[PDB]
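**Q** Contents of final_22.txt (compact mmCIF, C-alpha atoms):
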# COMPACT_ATOMS: atom_id res chain seq x y z
CA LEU W 193 5.80 -27.86 22.29
CA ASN W 194 9.00 -29.79 21.56
CA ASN W 195 7.01 -32.97 20.88
CA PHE W 196 5.19 -31.30 17.97
CA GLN W 197 8.22 -29.23 16.87
CA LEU W 198 6.53 -25.99 17.93
CA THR W 199 7.66 -22.94 19.88
CA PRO W 200 6.08 -19.90 21.55
CA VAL W 201 6.58 -18.02 18.27
CA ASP W 202 4.13 -20.36 16.55
CA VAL W 203 1.65 -19.93 19.40
CA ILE W 204 1.90 -16.14 19.15
CA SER W 205 1.39 -16.24 15.39
CA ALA W 206 -1.64 -18.52 15.70
CA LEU W 207 -3.18 -16.37 18.43
CA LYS W 208 -2.70 -13.16 16.44
CA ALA W 209 -4.09 -14.70 13.24
CA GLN W 210 -7.07 -16.55 14.76
CA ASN W 211 -8.04 -14.02 17.47
CA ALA W 212 -8.62 -10.74 15.63
CA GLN W 213 -11.35 -8.23 14.81
CA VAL W 214 -11.44 -7.69 11.04
CA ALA W 215 -13.09 -4.79 9.23
CA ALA W 216 -14.82 -5.86 6.02
CA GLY W 217 -16.69 -2.89 4.56
CA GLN W 218 -20.37 -3.00 3.65
CA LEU W 219 -22.91 -4.28 1.15
CA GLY W 220 -24.12 -1.46 -1.05
CA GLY W 221 -21.66 1.03 0.37
CA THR W 222 -21.25 4.44 -1.17
CA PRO W 223 -20.88 5.22 -4.03
CA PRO W 224 -23.76 2.82 -4.74
CA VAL W 225 -25.22 1.56 -7.99
CA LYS W 226 -28.26 3.36 -9.35
CA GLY W 227 -31.37 1.91 -7.77
CA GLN W 228 -29.54 0.13 -4.95
CA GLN W 229 -31.99 -0.75 -2.18
CA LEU W 230 -29.86 -2.77 0.28
CA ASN W 231 -27.26 -1.52 2.75
CA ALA W 232 -25.69 -3.81 5.33
CA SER W 233 -22.38 -4.13 7.14
CA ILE W 234 -20.21 -7.21 6.64
CA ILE W 235 -19.17 -9.03 9.81
CA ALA W 236 -15.82 -10.78 9.37
CA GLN W 237 -13.66 -12.67 11.89
CA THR W 238 -14.31 -11.62 15.49
CA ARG W 239 -12.38 -11.95 18.73
CA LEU W 240 -12.72 -15.17 20.69
CA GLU A 721 17.43 30.17 -6.26
CA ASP A 722 16.99 27.00 -8.28
CA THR A 723 20.13 24.87 -8.62
CA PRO A 724 21.06 21.79 -10.66
CA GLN A 725 20.13 18.38 -9.31
CA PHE A 726 20.96 14.81 -10.30
CA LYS A 727 17.81 13.03 -11.49
CA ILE A 728 18.07 9.23 -11.43
CA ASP A 729 14.81 7.54 -12.44
CA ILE A 730 14.37 3.77 -12.22
CA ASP A 731 12.92 1.83 -15.15
CA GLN A 732 10.05 -0.37 -13.99
CA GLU A 733 10.10 -2.59 -17.08
CA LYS A 734 13.84 -3.26 -16.80
CA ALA A 735 13.77 -3.67 -13.02
CA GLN A 736 10.98 -6.24 -13.31
CA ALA A 737 12.61 -8.04 -16.25
CA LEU A 738 15.80 -8.51 -14.21
CA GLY A 739 13.77 -9.38 -11.10
CA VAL A 740 14.95 -6.44 -8.97
CA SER A 741 12.50 -5.07 -6.42
CA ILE A 742 11.98 -1.32 -6.38
CA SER A 743 12.15 -1.46 -2.59
CA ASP A 744 15.65 -2.94 -2.80
CA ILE A 745 16.80 -0.32 -5.31
CA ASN A 746 15.44 2.58 -3.27
CA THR A 747 16.87 1.24 -0.01
CA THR A 748 20.29 0.67 -1.58
CA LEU A 749 20.39 4.15 -3.09
CA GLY A 750 19.18 5.89 0.05
CA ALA A 751 21.35 4.00 2.52
CA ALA A 752 24.47 4.31 0.36
CA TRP A 753 24.22 7.98 -0.63
CA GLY A 754 22.18 9.62 2.15
CA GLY A 755 22.72 7.36 5.13
CA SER A 756 20.37 5.29 7.26
CA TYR A 757 19.75 5.33 11.01
CA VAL A 758 19.39 1.63 11.80
CA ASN A 759 19.19 1.26 15.59
CA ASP A 760 20.88 2.35 18.82
CA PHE A 761 23.65 1.03 21.03
CA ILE A 762 24.71 1.70 24.62
CA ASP A 763 28.21 3.12 25.08
CA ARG A 764 29.43 4.38 28.46
CA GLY A 765 25.88 4.43 29.77
CA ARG A 766 24.31 6.45 26.95
CA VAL A 767 22.02 5.32 24.13
CA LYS A 768 23.77 6.35 20.91
CA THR P 241 0.41 13.44 -9.90
CA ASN P 242 -2.07 12.61 -12.68
CA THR P 243 -4.50 9.76 -13.14
CA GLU P 244 -2.60 8.88 -16.32
CA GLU P 245 0.56 8.27 -14.28
CA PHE P 246 -1.35 6.04 -11.85
CA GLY P 247 -2.91 4.04 -14.68
CA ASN P 248 0.59 3.36 -16.00
CA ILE P 249 1.73 1.48 -12.88
CA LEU P 250 3.16 -1.89 -13.91
CA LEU P 251 1.75 -4.83 -11.95
CA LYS P 252 3.33 -7.82 -13.68
CA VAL P 253 4.78 -8.99 -16.99
CA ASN P 254 3.02 -11.88 -18.70
CA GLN P 255 4.88 -14.86 -20.11
CA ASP P 256 4.34 -13.75 -23.72
CA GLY P 257 5.94 -10.38 -22.91
CA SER P 258 2.69 -8.42 -22.64
CA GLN P 259 2.66 -6.02 -19.70
CA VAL P 260 -0.21 -5.66 -17.22
CA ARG P 261 -0.74 -2.14 -15.86
CA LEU P 262 -3.09 -0.63 -13.31
CA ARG P 263 -5.44 0.70 -15.99
CA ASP P 264 -5.82 -2.85 -17.30
CA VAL P 265 -7.33 -4.19 -14.06
CA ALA P 266 -8.90 -1.05 -12.58
CA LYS P 267 -10.51 2.31 -13.38
CA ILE P 268 -8.53 5.26 -12.00
CA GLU P 269 -10.25 8.59 -11.44
CA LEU P 270 -10.15 11.53 -9.05
CA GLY P 271 -12.94 11.21 -6.50
CA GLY P 272 -13.87 12.01 -2.94
CA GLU P 273 -12.26 10.23 -0.02
CA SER P 274 -15.76 9.27 1.15
CA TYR P 275 -18.98 9.34 -0.88
CA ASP P 276 -21.10 9.46 2.29
CA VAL P 277 -22.05 13.10 2.95
CA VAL P 278 -23.84 14.99 0.17
CA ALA P 279 -24.96 18.59 0.75
CA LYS P 280 -27.47 20.59 -1.29
CA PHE P 281 -28.43 24.27 -1.03
CA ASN P 282 -32.01 25.05 -2.10
CA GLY P 283 -31.91 21.99 -4.34
CA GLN P 284 -28.56 22.86 -5.93
CA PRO P 285 -25.22 21.05 -5.65
CA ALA P 286 -23.26 22.59 -2.79
CA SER P 287 -20.66 22.05 -0.10
CA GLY P 288 -19.94 23.84 3.13
Step by step, read the file and then write its structure as structure tokens.
**A**
Amino acid sequence: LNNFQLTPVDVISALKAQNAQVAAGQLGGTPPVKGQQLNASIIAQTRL
Amino acid sequence: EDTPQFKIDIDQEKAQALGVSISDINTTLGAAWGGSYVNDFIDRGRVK
Amino acid sequence: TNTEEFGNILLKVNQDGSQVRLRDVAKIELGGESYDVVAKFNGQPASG
């Protein structure tokens, strides 16, 4: 950690940023456009 | 019954022109004139 | 309180002095928290 000028704070920040479950809404979610035919969830970042 | 009150309203245009954050203004006003509870301390074995 | 007050929120000030407000980059209106459930009574609009 000292060799690369890092600390446990950097490790915690990286773990929290890169290991997370993110909610991202949907495709064609309500209120939808007139004549919308597609509805699907969006899958964003997921836990390692 | 209703009583007089001092109405101080911030100006968004002027605050932004001078580069003053509304959060800073509100925190300054509140902490100065109403008081803020920041944290605790331990005196004689009691959290105060 | 109103939608007119919300549409007057100042986001940033352009270099040429023109101001950008919420109504300039959005469309503010009173609407349901969720547009998911939609009830009808004998074919009429309803809620319950």
**Q** Which value, in Å to one decimal, gives the distance between CA of residue 215 in chain W and CA of residue 235 in chain W?
**A** 7.4 Å
**Q** What residues in chain W lie within 10 Å of chain P, counting only C-alpha atoms, written as a PyMOL selection string?
**A** chain W and resi 221-224
**Q** Write to file, as a PDB file, in the frame of the given file, the residues of the selection just made, with C-alpha atoms.
**A**
ATOM      1  CA  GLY W 221     -21.660   1.030   0.370  1.00  0.00           C
ATOM      2  CA  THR W 222     -21.250   4.440  -1.170  1.00  0.00           C
ATOM      3  CA  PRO W 223     -20.880   5.220  -4.030  1.00  0.00           C
ATOM      4  CA  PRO W 224     -23.760   2.820  -4.740  1.00  0.00           C
TER       5      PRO W 224
END
**Q** Step by step, gather every atom of range 738-750 of chain A that the file lists, find the box along x, y and z that holds them, add 8 Å on each side, and finally give centre and edge lengths in Å to one decimal, as AutoDock Vina command-line options.
**A**
--center_x 16.2 --center_y -1.7 --center_z -7.1 --size_x 24.4 --size_y 31.3 --size_z 30.3
**Q** I need the residue nearest chain A from this list: P:284, P:251, P:256, P:279. Use all atoms listed in the file for the distance.
**A**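 Counting all atoms listed in the file, the residue closest to chain A is P:251.
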**Q** I need every residue sitting at most 12 Å from the point (23.4, 6.4, -12.0) (coordinates as in the file, only C-alpha atoms considered), written as an NGL selection string.
**A** :A and (726-731 or 745 or 749 or 753)
**Q** Will you model N, CA, C and O atoms for range 733-749 of chain A and pass it back as an mmCIF file, in the coordinates of the input?
**A**
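Done, and the output landed in part-v9.cif:
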data_model
loop_
_atom_site.group_PDB
_atom_site.id
_atom_site.type_symbol
_atom_site.label_atom_id
_atom_site.label_comp_id
_atom_site.auth_asym_id
_atom_site.auth_seq_id
_atom_site.Cartn_x
_atom_site.Cartn_y
_atom_site.Cartn_z
ATOM 1 N N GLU A 733 10.040 -1.441 -16.189
ATOM 2 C CA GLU A 733 10.100 -2.590 -17.080
ATOM 3 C C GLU A 733 11.423 -3.341 -16.916
ATOM 4 O O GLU A 733 11.443 -4.571 -16.798
ATOM 5 N N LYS A 734 12.541 -2.611 -16.904
ATOM 6 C CA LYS A 734 13.840 -3.260 -16.800
ATOM 7 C C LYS A 734 14.062 -3.844 -15.410
ATOM 8 O O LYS A 734 14.642 -4.925 -15.269
ATOM 9 N N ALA A 735 13.620 -3.139 -14.369
ATOM 10 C CA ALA A 735 13.770 -3.670 -13.020
ATOM 11 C C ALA A 735 12.984 -4.964 -12.854
ATOM 12 O O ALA A 735 13.459 -5.905 -12.209
ATOM 13 N N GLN A 736 11.781 -5.031 -13.425
ATOM 14 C CA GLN A 736 10.980 -6.240 -13.310
ATOM 15 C C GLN A 736 11.532 -7.360 -14.188
ATOM 16 O O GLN A 736 11.494 -8.534 -13.801
ATOM 17 N N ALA A 737 12.044 -7.021 -15.373
ATOM 18 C CA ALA A 737 12.610 -8.040 -16.250
ATOM 19 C C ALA A 737 13.800 -8.726 -15.596
ATOM 20 O O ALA A 737 13.965 -9.946 -15.710
ATOM 21 N N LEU A 738 14.644 -7.957 -14.912
ATOM 22 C CA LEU A 738 15.800 -8.510 -14.210
ATOM 23 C C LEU A 738 15.447 -9.012 -12.817
ATOM 24 O O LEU A 738 16.330 -9.527 -12.123
ATOM 25 N N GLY A 739 14.193 -8.888 -12.396
ATOM 26 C CA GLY A 739 13.770 -9.380 -11.100
ATOM 27 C C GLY A 739 14.351 -8.617 -9.924
ATOM 28 O O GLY A 739 14.694 -9.226 -8.904
ATOM 29 N N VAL A 740 14.456 -7.296 -10.036
ATOM 30 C CA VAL A 740 14.950 -6.440 -8.970
ATOM 31 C C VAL A 740 13.771 -5.680 -8.383
ATOM 32 O O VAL A 740 13.026 -5.019 -9.117
ATOM 33 N N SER A 741 13.593 -5.780 -7.071
ATOM 34 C CA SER A 741 12.500 -5.070 -6.420
ATOM 35 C C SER A 741 12.816 -3.589 -6.318
ATOM 36 O O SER A 741 13.956 -3.195 -6.069
ATOM 37 N N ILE A 742 11.790 -2.759 -6.516
ATOM 38 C CA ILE A 742 11.980 -1.320 -6.380
ATOM 39 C C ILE A 742 12.326 -0.961 -4.949
ATOM 40 O O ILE A 742 13.071 -0.007 -4.701
ATOM 41 N N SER A 743 11.795 -1.708 -3.981
ATOM 42 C CA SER A 743 12.150 -1.460 -2.590
ATOM 43 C C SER A 743 13.648 -1.647 -2.371
ATOM 44 O O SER A 743 14.290 -0.835 -1.697
ATOM 45 N N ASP A 744 14.221 -2.710 -2.939
ATOM 46 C CA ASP A 744 15.650 -2.940 -2.800
ATOM 47 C C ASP A 744 16.458 -1.816 -3.430
ATOM 48 O O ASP A 744 17.436 -1.340 -2.847
ATOM 49 N N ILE A 745 16.061 -1.379 -4.625
ATOM 50 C CA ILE A 745 16.800 -0.320 -5.310
ATOM 51 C C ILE A 745 16.763 0.961 -4.500
ATOM 52 O O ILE A 745 17.792 1.616 -4.290
ATOM 53 N N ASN A 746 15.574 1.341 -4.032
ATOM 54 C CA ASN A 746 15.440 2.580 -3.270
ATOM 55 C C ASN A 746 16.209 2.503 -1.959
ATOM 56 O O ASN A 746 16.870 3.470 -1.568
ATOM 57 N N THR A 747 16.135 1.368 -1.259
ATOM 58 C CA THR A 747 16.870 1.240 -0.010
ATOM 59 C C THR A 747 18.372 1.303 -0.244
ATOM 60 O O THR A 747 19.094 1.967 0.504
ATOM 61 N N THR A 748 18.864 0.618 -1.276
ATOM 62 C CA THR A 748 20.290 0.670 -1.580
ATOM 63 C C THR A 748 20.735 2.091 -1.859
ATOM 64 O O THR A 748 21.704 2.581 -1.269
ATOM 65 N N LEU A 749 20.024 2.782 -2.751
ATOM 66 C CA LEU A 749 20.390 4.150 -3.090
ATOM 67 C C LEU A 749 20.380 5.045 -1.860
ATOM 68 O O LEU A 749 21.350 5.762 -1.588
#
